[PDB]
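Shown next as structure tokens: one chain only, the form deposited in one PDB entry.
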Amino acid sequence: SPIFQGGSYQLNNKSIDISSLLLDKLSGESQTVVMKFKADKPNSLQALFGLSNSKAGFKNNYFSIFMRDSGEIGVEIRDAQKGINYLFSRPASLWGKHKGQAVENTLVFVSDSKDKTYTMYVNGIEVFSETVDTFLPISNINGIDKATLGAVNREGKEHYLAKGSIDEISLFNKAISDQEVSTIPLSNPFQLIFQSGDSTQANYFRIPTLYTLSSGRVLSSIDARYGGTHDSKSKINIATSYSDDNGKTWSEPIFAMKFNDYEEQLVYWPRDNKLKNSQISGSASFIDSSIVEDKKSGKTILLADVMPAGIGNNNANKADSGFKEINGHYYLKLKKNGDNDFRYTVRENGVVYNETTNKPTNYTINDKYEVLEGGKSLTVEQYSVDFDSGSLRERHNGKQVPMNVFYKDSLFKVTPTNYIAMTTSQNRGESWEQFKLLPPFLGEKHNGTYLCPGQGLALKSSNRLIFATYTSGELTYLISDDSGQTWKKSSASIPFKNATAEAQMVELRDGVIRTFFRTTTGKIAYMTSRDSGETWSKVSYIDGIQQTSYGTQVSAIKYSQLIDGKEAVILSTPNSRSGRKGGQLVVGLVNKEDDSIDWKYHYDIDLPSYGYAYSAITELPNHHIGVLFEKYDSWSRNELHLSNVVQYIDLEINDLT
């Protein structure tokens, strides 16, 4: 079926000409390129493949498949006479190295004249799909006379010289279907747990977690993000999946926490500069999850932040908890439609009580935070979103759903601020219970704290459960000794105002906790408790790892085995002062005399220039390490709204050292 096939070409800053093999075979208006290639030391911008008009006066007449040392992939399709200059790309589409060896990437470009569409897949993932009104076949460019590997020949000179290798290349005079694409063999160093088109119906995912349960099951949680990769305000649900075989295969995702005020739509969110900041603005959401397992009860516990309709971090009421204190007890406040003030509370058995007239109403709130009148369920109409009119529209879709107090159309509404909720599973992640709000920890006039995403900590020698959270000026550890039925706080002051101090904990020895956390200084910080978390030391910093000024979540575990005769801690973080890239696992050996850590080994996840943001790590039952991570720069305004960049890998200790 192919018109051309070649192999083992080495690109060392000198192009290979293949004109007399390929050019005379190109025909018709549809084509497909399949390319298996390695590039572990790429130049800044380099072409892998070129079709050009190399004659003087025609320098803007070519097709190329190009890559950047940031991991971006794209095509150019240019014809000066037709007036067409197409450029399509997506960042963070590529792999560089895995376990000291160059990764073979599989690229498939489809040029389809019947539908007027250009489609790119890398490593089995669709990275762009672009329909045009004036279609330009790649073979139909005016005066093409060269086919080149490792450059584009423009006016006689090699432009975009490449470093790398093309192990295999094939061309077809056909636009192959999405069915035929799925049958091309792949050499992937990674797998997917959550992905576009699964049961969540979210097209985006952020904020991975991983935790190894006592049965050997590995559980993962994540943000299922509907309106692009934007934080709240937006539509976001919390989804989960588990593996019963050391991470080799994963279950179909379910919801741990979800709202029904807006539809679950799989949407292609715009990436152009005019529309990319569009944000879903009338929906409730959840954001940032954390997991722990409780030994005594056998329950699995998951917390996440909760945002009412149209609320997120920058518009949330900072001077209000959402609760009223009436003699040491806390009651959720509510505002009725037509009132200027919060005149109601939710008392015992969900009774809506009028604070102004001190009388109970005919309304109640159920365990699901839904409103009943005289025992009868009230409803609201659902919204859906679209870009059909050229901008974002949010509108009623004709479907009735239970009236919830976090919803925009509810007769009774909560304070517009941030909350924390918990759910539990009694079957290790196969189903999740209805969520319950946690109470305020810092008083009536203080907004909720922010949960640190990743793992809670279960102390080895006791029944103590701890979840780190942050707020302005401190880490607020939430402690429960009774399977999450009651909670208390433990504050640890930090020398930063308004930092995103996302924290993760390890147990060095019984009752001894070291917490590693994100700061605003470009260094990872730490503090120790020898108290089982009652009291905390001052702050110190890690040398040998760099972050940016705004910083990035760091994951941390205590390994179960000795390395070079000593106990070991493993950290996962970007190691770069420029952006969220240069991902590492760093292995530290503990000194038994003073609890200091000697960071002795630094393992390269991929190339220094390739994206790496938030991450999850766990020791798998077989002593391997599982890593689930954002493989892109999640801060950059150039890398927003990418699908299937949250990816999973498996490593062994001997790879790291």
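Counting begins at 1, following the sequence as shown.
Heads up, the form deposited with a small molecule bound isn't pictured, but that's what we're talking about next.
Q: Scan 154, 335, 90, 518 and let me know which has any heavy atom within 4.5 Å of the small molecule in the entry with it bound.
A: When the small molecule is considered in the entry with it bound, the option within 4.5 Å is 518.
Q: May I ask you to choose, among 572, 418, 237, 300, the residue with a heavy atom within 4.5 Å of the small molecule in the entry with it bound?
A: The option sitting close enough to the partner is 418.
Q: So which of 268 to 276, 229 to 237, 394 to 402, 92 to 100 is the stretch with heavy atoms within 4.5 Å of the small molecule in the entry with it bound?
A: Of the options given, it is 229 to 237.
Q: Even though the small molecule is not shown here, does residue 635 get within 4.5 Å of it in the entry with it bound, heavy atoms only?
A: Residue 635: yes, in contact with the small molecule in the entry with it bound.
Q: Flag residue 470 as yes or no: does it have a non-hydrogen atom within 4.5 angstroms of any non-hydrogen atom of the small molecule in the entry with it bound?
A: Taking the distances in the entry with it bound, the answer for residue 470 is yes, it comes within 4.5 Å of the small molecule.
Q: Considering non-hydrogen atoms and a 4.5 Å limit, does the small molecule approach residue 224 in the entry with it bound?
A: Flag for residue 224 set to no.
Q: With a 4.5 Å heavy atom cut-off, would you call residue 580 a contact of the small molecule in the entry with it bound?
A: Residue 580: contacts the small molecule in the entry with it bound.
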